[PDB]
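Here's the structure, in C-alpha cells; my notes come after.
All of this is worked out from the model, or read from it or from the source named; these are not laboratory values. Please note: Cβ atoms are built from the backbone with ideal geometry, for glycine as well, and neighbour counts cover all protein chains shown.
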Amino acid sequence: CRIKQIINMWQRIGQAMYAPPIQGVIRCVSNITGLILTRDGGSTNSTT
Amino acid sequence: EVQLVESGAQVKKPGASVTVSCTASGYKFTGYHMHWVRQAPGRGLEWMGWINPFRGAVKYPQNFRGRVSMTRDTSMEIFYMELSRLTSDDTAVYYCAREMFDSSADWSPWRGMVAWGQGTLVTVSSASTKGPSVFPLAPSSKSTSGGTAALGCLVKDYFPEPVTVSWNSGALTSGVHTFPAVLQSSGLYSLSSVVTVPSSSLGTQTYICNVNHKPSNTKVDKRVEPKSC
Amino acid sequence: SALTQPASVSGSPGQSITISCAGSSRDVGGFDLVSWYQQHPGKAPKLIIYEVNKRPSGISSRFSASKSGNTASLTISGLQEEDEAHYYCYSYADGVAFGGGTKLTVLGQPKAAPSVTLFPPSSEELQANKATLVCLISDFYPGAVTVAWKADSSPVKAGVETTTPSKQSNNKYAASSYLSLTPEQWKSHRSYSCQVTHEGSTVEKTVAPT
Ligand SMILES: *[C@@H]1O[C@H](CO[C@@H]2O[C@@H](C)[C@@H](O)[C@@H](O)[C@@H]2O)[C@@H](O[C@@H]2O[C@H](CO)[C@@H](O[C@@H]3O[C@H](CO[C@H]4O[C@H](CO)[C@@H](O[C@@H]5O[C@H](CO)[C@@H](O[C@@H]6O[C@H](CO)[C@H](O)[C@H](O)[C@H]6O)[C@H](O)[C@H]5NC(C)=O)[C@H](O)[C@@H]4O[C@@H]4O[C@H](CO)[C@@H](O[C@@H]5O[C@H](CO[C@]6(C(=O)O)C[C@H](O)[C@@H](NC(C)=O)[C@H]([C@H](O)[C@H](O)CO)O6)[C@H](O)[C@H](O)[C@H]5O)[C@H](O)[C@H]4NC(C)=O)[C@@H](O[C@@H]4O[C@H](CO)[C@@H](O)[C@H](O)[C@H]4NC(C)=O)[C@H](O[C@H]4O[C@H](CO)[C@@H](O[C@@H]5O[C@H](CO)[C@@H](O)[C@H](O)[C@H]5NC(C)=O)[C@H](O)[C@@H]4O[C@@H]4O[C@H](CO)[C@@H](O[C@@H]5O[C@H](CO[C@]6(C(=O)O)C[C@H](O)[C@@H](NC(C)=O)[C@H]([C@H](O)[C@H](O)CO)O6)[C@H](O)[C@H](O)[C@H]5O)[C@H](O)[C@H]4NC(C)=O)[C@@H]3O)[C@H](O)[C@H]2NC(C)=O)[C@H](O)[C@H]1NC(C)=O
Ligand SMILES: *[C@@H]1O[C@H](CO)[C@@H](O[C@@H]2O[C@H](CO)[C@@H](O[C@@H]3O[C@H](CO[C@H]4O[C@H](CO[C@H]5O[C@H](CO)[C@@H](O)[C@H](O)[C@@H]5O)[C@@H](O)[C@H](O)[C@@H]4O)[C@@H](O)[C@H](O[C@H]4O[C@H](CO)[C@@H](O)[C@H](O)[C@@H]4O[C@H]4O[C@H](CO)[C@@H](O)[C@H](O)[C@@H]4O)[C@@H]3O)[C@H](O)[C@H]2NC(C)=O)[C@H](O)[C@H]1NC(C)=O
C-alpha cells in the first residue's frame, strides 16, 4: 500500500485538497461487503 | 467545433517502441470516450482500444493487448497511445476517434465514432542507406501485337522509399502508370513505372526513365532501348 | 473482419446500390448496433450510418441503411462522384467488429482482358549481385485478377512483391509486381513465368536468360 496526501478526488480541477498526516502507526479494520467489476472482450469464441 | 489532432509520422527500427498522441479540444474533455484505430495500407479498420478520460478507464481488444499503452493528460487535454516490439506488421496509419454521446454523469455508448484523427504513419523497416542499381525494361518483338510497346525501369536495392519515375524530363506523360513503392523481403524497396509507346517509333524515339533516390544519393537514369539481337 | 461485406460494388451514376453486412446473431441479428462509415482515399474515415439505420448531422438524405435478421444492409440513392470511396460496416459483438470494406465505382463499362509483358533482368543488375524481374499489367475491367509465379512448373513462392491497383485515365486500372532472385538462381533455371486468369479464362507469359 501507498499513502498520498494531496488528493483531487472526484477529479474536479481548480481545487485540490491536502490530507494532513496522522501521528504514528495508523490501523483500521474493515469488513468487505461489496465489489465492482468489468469484463474483457470478444477474444476467442466461447473460450474464457 | 471539436478537433482531434495526432502526432507526426515516424520512421523507426524494428523491435523498438513508438508513442502516438491525440489532442482533443472544443468540448468537455474528461467526459468523452476516445477510440484508437489503425488501418494498414489497403486493409480494413483495426480497433485498438479506448480510454475513458474519467479517471482514465481503459478497455483494449484481445489481439492488441500487451503492446498497447493508451493514456490521456486531462490537464493538457492530450490522449496518448504507444506500441512496442515494433514489427513490419505493425506499420499502419493510426487514428483516434470519439464516441457519439457522452456526458459527465450517465453514459452509454459503444457504436459511435464521429470525430476522427487525421492519422499517423508509423513505419518499421530494417534496411539502411544503399545506392540503387537501376536497369531498363526493354520491349521485345513478340510483345508487340497491334504495333505498340510497353517499357519501364525498376528501382531496387534502394532504401528508404520512394523513388519517383518520370519520362524524358517531363516530355512523356501519356500512358505513364507509375506504381507504388513496395517493400521487398529484405527491406530495400522496389517499384516501377510503365508507358505505352508505338512500334513504328522504336527507332525514331528515345525513352528514358528518370529514377531518383534522395537518401542513398545514387540517381541512375537508365535509358530503355531495344535489346539488340 | 467478423462482418461480411462485398469486395467491390459498381453502379451507374444516379442509381441505387445496396451494400450487405452479414454475420451471426451475435452482432447483426441480436443487436441494433450496426453502423457504417465513409472513407475518402487518403483521408480519415467518416461516419455515415449507425444504430443499424441512423444519419449523423450533415449526412445527405440519399443515404440510409437497415438490418434484415442476421444481415444488415446499406443503401445510397442519388449517386454522385462525391460518393466514390470506401464504406465499412461496423457492429458490436462484445468488441468492435468491422467489415472488410467495399469500393464504389462507375458501372456500364464492358468486361476487358488483361495486358501482360515481361522482361529478364538486365546485365547491369546481373553484375550487381542481384536478379530482379518485373511483371506489368494495365487496362482491364472489372478489376479482380490473380497473378502467380511458376519457376518452370514447380511453384516458387519466395521473393514476391506487389503494388496496389491505380485507376488510370481510361477508366481502367494498372499495377506491377517484382521478384528477387540470385544470378545463380537466374542462370540455373530454364525459364520463369507470369500467369493470369479472369472469370474462368487464363493468360500467361514467360522469359528466359539471354
Ligand atoms: C442487454 O442489452 C442488450 C442491448 O443493449 C445495448 O447495449 C447497451 C450498452 C445499451 O446501450 C442499450 O441501450 C443497448 O440496446 C440487449 O440485447 C438484446 O439481445 C438479444 C439476444 O441477442 C436480442 O434478442 C433477439 O431479438 C430479436 C429481434 O430483435 C428485434 O425485436 C426485439 C423484440 O423481440 C426488439 O427489442 C425490444 O425487445 C423487447 C423484448 O426483448 C420487446 O418487448 C416485448 O414486447 C412484446 C409484445 O410486442 C411482449 O410484451 C414481450 O413480453 C416484451 O418483452 C420490445 O417491444 C422490443 N422493442 C420494440 C421497440 O418493439 C429489438 O429492438 C428488435 O427490433 C425491433 O423489431 C420490431 C419489429 O421488427 C420493430 O418494430 C415493432 O413492430 C411492432 C409490430 O408492428 C406491427 C407492424 O409491424 O407495424 C403492427 C401491425 O398492425 C401488424 N400488421 C398487421 C397487418 O396486422 C404487424 C404484424 O403484427 C407483424 O407483421 C407480425 O409479424 O406488426 C410494434 O409496432 C412495435 O411497437 C414496433 O417497435 C422495432 O422498432 C425494432 N426495434 C429496434 C430496431 O430497436 C428477436 O426476434 C423475435 O423472435 C421471436 C420468436 O418467437 C418473435 O416472436 C418476435 O416477434 C421477434 N421479435 C420481433 C420484434 O418480431 C429474438 O427472439 C428469438 O431469437 C432468440 C435467439 O435468437 C431467442 O432467444 C432465446 O430466448 C430464450 C428465453 O429467454 C432463452 O432461454 C434462450 O437462451 C435464447 N436463445 C438464444 C440462442 O439466445 C428467442 O426466444 C426467439 O427465438 C425463439 O425462441 C423460441 C424458444 O426457444 C423458439 O420456440 C421454440 O420452437 C421450437 C421449434 O420451432 C420452430 C417453431 O417455431 O415452430 C420449428 C418449425 O419447424 C420451424 N419452421 C419451419 C418452417 O421449418 C421454425 C423455424 O425454424 C424458426 O421460426 C426460424 O427462426 O421453428 C419448439 O417448438 C420449442 O418448443 C419452442 O420453444 C422459436 O422458434 C424461436 N424463434 C426464432 C429463432 O425465430 C431475440 O429476442 C435483442 O433484440 C437485443 N436487444 C436489442 C435492443 O438489441 C439484451 O437483451 C439486454 N439484456 C437483458 C437481460 O435485458
Ligand atoms: C444581437 O443579436 C445578434 C443575433 O442574435 C447577435 O449576433 C451574434 O453575435 C455573436 C458575437 O457577438 C455571435 O456569437 C458567435 O457565434 C459563433 C457561432 O456559433 C454557432 O456555430 C458554431 C459553429 O457552427 C458553424 O459551422 C457549422 C458547421 O460548419 C454551421 O452549421 C453553422 O451555421 C456555423 O457556420 C457552433 O459550434 C455553435 O454551437 C453555434 O451553433 C460562435 O462560434 C462564437 O463562439 C466562439 O467564440 C467564443 C468567444 O471566444 C468562444 O467562447 C466559443 O468557444 C467560440 O470559439 C470558436 O473557436 C474556438 C477555437 O478554439 C473553438 O474551440 C470553439 O468551438 C468555437 O468554434 C460566438 O458565440 C453569434 O453567432 C451572433 N448570432 C446569434 C444568432 O447569436 C448580436 O451579438 C446581438 N447583439 C448584442 C449586443 O448582444
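Taking segment B:57-75 as the search range and keeping residues that are closer than 23 Å to B:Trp110 by Cβ and not in a loop (DSSP other than H, G, I, E, B), which one is farthest from the other protein chains (Cβ to nearest Cβ)?
Here the residue is B:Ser69.
What strands (runs of 3 or more DSSP E) completely inside segment C:170-210 contain at least 1 residues that are charged (D, E, K, R) and closer than 18 Å to B:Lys227 by Cβ?
C:201-207
Of the residues C:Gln80, C:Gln39, only one is in contact with a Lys or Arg (Cβ under 7 Å, 6 or more places away or on another chain) and away from ligand 1 (no atom under 12 Å from the Cβ); which?
Result of the check over C:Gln80, C:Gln39: C:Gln39.
Can you pull out every residue in segment B:25-45 that is away from chain C (no Cβ under 14 Å) and under 21 Å from A:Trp10 (Cβ atoms)? Steps first, please.
Taking segment B:25-45 as the starting set, the residues that turn out to be away from chain C (no Cβ under 14 Å) are B:25-32.
Listed by number, the residues that qualify are B:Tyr27, B:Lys28, B:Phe29, B:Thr30, B:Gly31, B:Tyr32.
Can you find a residue that is away from ligand 1 (no atom under 16 Å from the Cβ) and of a type in the set (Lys, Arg) anywhere in segment B:103-112?
Within segment B:103-112, not a single residue is away from ligand 1 (no atom under 16 Å from the Cβ) and of a type in the set (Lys, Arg).
Please work out which residue is farthest from the chain's Cα centre (by Cα), limiting yourself to segment C:21-36 and to residues that are small (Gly, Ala, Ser) and more than 9 Å from ligand 1 (Cβ to nearest atom).
C:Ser24
For the subset of segment C:34-47 comprising residues that are facing chain B (nearest Cβ under 9 Å) and surrounded by 22 or more Cβ atoms within 10 Å (Cβ to Cβ), which member is nearest to ligand 2 (Cβ to nearest atom)?
C:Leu47
Where in segment C:54-132 are the strands (runs of 3 or more DSSP E), entirely inside, with at least 2 residues that are more than 9 Å from chain B (Cβ to nearest Cβ)?
Qualifying strands (runs of 3 or more DSSP E): C:63-68, C:71-76, C:86-90, C:102-106.
Are any of the residues in segment B:45-52 among the polar types (S, T, N, Q) and within 16 Å of ligand 2 (Cβ to nearest atom)?
Taking every residue of segment B:45-52 in turn, none turns out to be among the polar types (S, T, N, Q) and within 16 Å of ligand 2 (Cβ to nearest atom).
If you go through segment C:1-41, how many residues are in contact (Cβ under 8 Å) with a residue 12 or more places away in the chain and not in a strand (DSSP E or B)? Write out each step before concluding.
Narrowing segment C:1-41 to residues in contact (Cβ under 8 Å) with a residue 12 or more places away in the chain: C:1-29, C:31-41.
From the residues that got through so far, the ones that are not in a strand (DSSP E or B) too are C:1-2, C:5-7, C:12-16, C:23-29, C:31-34, C:40-41.
The number of residues fulfilling the criteria is 23.
Residues of segment B:76-129 being within 14 Å of chain C (Cβ to nearest Cβ) and farther than 29 Å from C:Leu33 by Cβ, which ones?
Selection gives B:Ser88, B:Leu121, B:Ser125, B:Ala127.
Exactly one condition in (1) of a type outside the set (A, V, I, L, M); (2) more than 16 Å from ligand 2 (Cβ to nearest atom); (3) at positive phi is false for B:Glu77; which is it?
Of everything listed in (1) of a type outside the set (A, V, I, L, M); (2) more than 16 Å from ligand 2 (Cβ to nearest atom); (3) at positive phi, B:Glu77 misses just condition (2).
Pick from segment B:165-201 the residues that are surrounded by 23 or more Cβ atoms within 10 Å (Cβ to Cβ) and small (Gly, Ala, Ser): which of them is farthest from the other protein chains (Cβ to nearest Cβ)?
B:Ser193
Filter segment C:48-73 for residues that are farther than 17 Å from C:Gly14 by Cβ and away from ligand 1 (no atom under 16 Å from the Cβ); which is surrounded by the most Cβ atoms within 10 Å (Cβ to Cβ)?
Applying the first criterion (farther than 17 Å from C:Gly14 by Cβ) to segment C:48-73 yields C:48-59, C:65-73.
Next cut, away from ligand 1 (no atom under 16 Å from the Cβ) only: C:48, C:56-59.
Working: C:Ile48: 25, C:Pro56: 14, C:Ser57: 5, C:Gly58: 6, C:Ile59: 15.
Across segment C:48-73, the extreme among qualifying residues is C:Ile48.
For segment A:1-46, give me each residue that is under 30 Å from C:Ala97 (Cβ atoms), out of contact with any strand residue (DSSP E or B) (no Cβ under 8 Å at 6 or more places or on another chain) and exposed (fewer than 10 other Cβ atoms within 10 Å of the Cβ).
The answer is A:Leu35, A:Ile36, A:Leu37, A:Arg39, A:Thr44, A:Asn45, A:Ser46.
Within 28 Å of B:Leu183 (Cα to Cα), assigned by CATH to the domain that holds B:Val5 and away from ligand 2 (no atom under 16 Å from the Cβ), is that true of B:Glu99? I'd like the intermediate steps shown before the answer.
Numbers: within 28 Å of B:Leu183 (Cα to Cα): no; assigned by CATH to the domain that holds B:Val5: yes; away from ligand 2 (no atom under 16 Å from the Cβ): yes.
Criteria not met by B:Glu99.
If you check C:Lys54 against the conditions, is it over 26 Å from the mean Cα position of the chain (by Cα) and more than 16 Å from ligand 2 (Cβ to nearest atom)?
yes
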